[PDB]
Every structure is written in structure tokens, then in C-alpha cells.
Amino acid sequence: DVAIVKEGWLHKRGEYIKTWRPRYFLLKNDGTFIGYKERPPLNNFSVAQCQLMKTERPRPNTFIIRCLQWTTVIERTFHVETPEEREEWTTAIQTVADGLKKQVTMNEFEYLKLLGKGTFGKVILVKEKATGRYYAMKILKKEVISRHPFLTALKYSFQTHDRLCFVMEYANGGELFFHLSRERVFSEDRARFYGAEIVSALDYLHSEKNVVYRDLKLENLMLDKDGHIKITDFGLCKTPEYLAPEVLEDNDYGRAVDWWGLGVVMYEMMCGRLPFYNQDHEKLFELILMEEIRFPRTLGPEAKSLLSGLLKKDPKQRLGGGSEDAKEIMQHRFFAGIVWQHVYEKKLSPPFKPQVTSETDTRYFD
């Protein structure tokens, strides 16, 4: 019993590519907004509680859909030729979101250092004075508008007169990218450990939160004191190496995006090098799409078959792209002999203990 409010052609600026491309967009009553390469539901495509901008720069008659998703502000910009069509779309979208909607101080946190800076806000490392704990704080411009073992938990959320703050857990066992850099390669077991905890997390986001992480890379993986994995959520509205082929063409991305990303991350750990690397970005784009995956000829076939299935070009042919989603990967030979309920319960003994005295140890901040 879901109806379409409006439907038509629009010029969409690529979310990852700076050029304009024509896509066929559909606006359903539930608040879904999906574009297609040609005329033929993850919460990523939701237009629920989004802002609508009307700009004339660079291209005239351009409108932007500013959305706050969890703790990250996203922008979706579109172009139409006639100024009246922009009015027909904006009034339609707004009425949908409107109809869809109807149906602690900062004084406890010492500013330690700046972690990042974006268009609508910053990320700062802070210390909770009362407990001496270390958290990351997303502060976002107010004008813009439950917990998993391996996700950086959102602990607090409060407002000021002009900005909106999100206090999130900050792992103190260092970043996984640097850890890989010291060892320069990871054992199959260690990579299996790390991959497993991610699979559990991706399953959570997909099956329960109904969302795609969409930016799974080495730079977003950290370790807690014990050695378990924390997937970070520190993105602001500011890398072509990790991009999926489906995201490249800007057509119908889905849960498979996270599975492509997983393959790339697990490749770097067991191979020690990026699967598709080139200084030239344009050659790297042709590399991802056209070139066939290569291997060091020193890996167990299980891992080789896992990465092969994860780094296939077609999202539906790609491992975990089907309806079963994560379970396709959980049943894999490389993940045979692993009890997954124990993975979620942190029952898995970490192959690496970060050199940390306690939760509050500040060694890995150098």
C-alpha cells in the first residue's frame, strides 16, 4: 500500500564524482528517493527529515537535499532545466517529509585535540572530567536541522544555542591502519578475527538498522584495549581507492557496497598491499572496473575464494549481494569453524593485545 508522490527525470551530481549525470528518480509515499540509470529499501535513500536548498551556483536551478543521517550530515544536489520544475519537485518532497514526520553541559569535556573539520562541524577528542574517560565529540551547526560490540557507541547528545553535539566512544588501542603498517601483513587467523567482527557489525547495520555503512576502509578501523574492532563514525561533510564499481557509475548501490569494501580491507591485511593501486586516479578507475584481481600465490584457497567473491564487479553476483546478505559470508569455508553468536558476545580471543595499561592509557595518540 505504498504510492508514488512524484516521478521524473533529474540531473544528479555524483556523490563521489564531481560530474553531472542523468538519473531517473522516484519519490514514494514512504519517503524514499532513488535514482536509476534507466527507468525500471535502505534508509540511506530516505528523505525523512531533510533540508531543501535552492541555489543558483554553480549551475542555475539547482536544489540540494541536506540530510542528517545518524551523526553525519549528507548533501544530495540535483539540477533541472526549468525553474518551475524545481518548484514542482521541492514542494512535492517537502509535503512528503512533512506528512511523513506527523506519522549535560560541555563543561564536563576538556578539549584535548582537533581530530577533523568539515563544512557543518568539527570532531574533537575530549575527556569526561567526572570519569576521566576519552570520547570523540561531533559538534555540528544547529542550522542544519541500540548498541553494538564493534561500533563506536553514541553515548551523549545535547544542544547549545548554535551547535549540536554528539559524544561518542573513542578507542584507545590505536588505529588498525597503523597496526597493519607495523606488521605490514596479517596472518589469515588474525584477518579472520578482524573480518568476522566486521561481518557481525555490517549484519547489525543492514538487518536491524536498515542502512549501509558505505565507507568501509582501513582508516575507519580502530582497536579497543582488548584488541576488538571498533568501526568509527567520525565523518564530516568535507578516496577513490576503496570505491565499488557499482558506486562508480552511480547506479543502484545496495548492501553489496559494504561487502566490496570488506573484501578490499581484508585483502590489504593478508596481502600487505592495496588490491587496486595507481597514482593516476583515472587509471585506478579503469583498474577497478576492467582489470582482474591478482594474488600473491601464497594464500590459502579459502581466503582467495573469499576475496574473489567479495571483489566481483556485479553487486548481485558479488558474495553477500543476495537476499541472505551477511549469512552467505558467514557460511564460507574461511569462516567455517567459527561460532558467530560467540563473535557478537566478544567470546573470541583477540590474536593481538594492544600495548595498553588501561582504558585511559594515552599511548596510541602519538
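Just count from 1 along the sequence shown to find any residue number. In this text, the rigid core denotes the largest set of C-alpha atoms whose superposition between the two forms falls within 1.5 Å.
- Superposing each structure in 8 other deposited structures of this protein on the rigid core shows that the farther-lying of 329-337 and 62-70, by root-mean-square Cα distance, is 62-70.
- Taking the root mean square of CA deviations in 8 other deposited structures of this protein after fitting on the rigid core, 20-28 and 345-353 differ, and the farther of the two is 20-28.
- For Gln103, the fraction of other compared entries lacking coordinates, among those that model flanking residues, reaches at least a third.
- Among the other PDB entries of this protein that were compared and that flank it with modelled residues, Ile145 is left unmodelled in a third or more.
- In the deposited sequence, the stretch from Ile145 to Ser146 hides 10 or more residues that have no coordinates.
- Counting the deposited residues that fall between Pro40 and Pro41 and carry no coordinates gives a value of 4 to 9.
- Averaged over their C-alpha atoms, the temperature factors of 209-217 and 291-299 are higher for 291-299.
- Once the C-alpha B-factors are averaged per stretch, 305-313 and 65-73 rank with 305-313 first.
- When the C-alpha B-factors of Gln159, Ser200, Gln94, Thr152 are ranked from the entry, the top spot goes to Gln94.
- Between the residues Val104, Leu140, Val264, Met137, the entry's highest C-alpha temperature factor is the one at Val104.
- The entry lists a Cα temperature factor for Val343 that places it in the lowest third of the chain's modelled residues.
- Sort the modelled residues of the chain by CA B factor and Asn29 lands in the highest third.
- Per the PDB record, residue ranking by Cα B-factor puts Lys238 in the highest third of the chain.
- Ranked within its chain, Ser181 lands in the middle third, by CA B factor from the PDB record.
- Sorting the modelled residues of the chain by their CA temperature factor places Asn44 in the lowest third.
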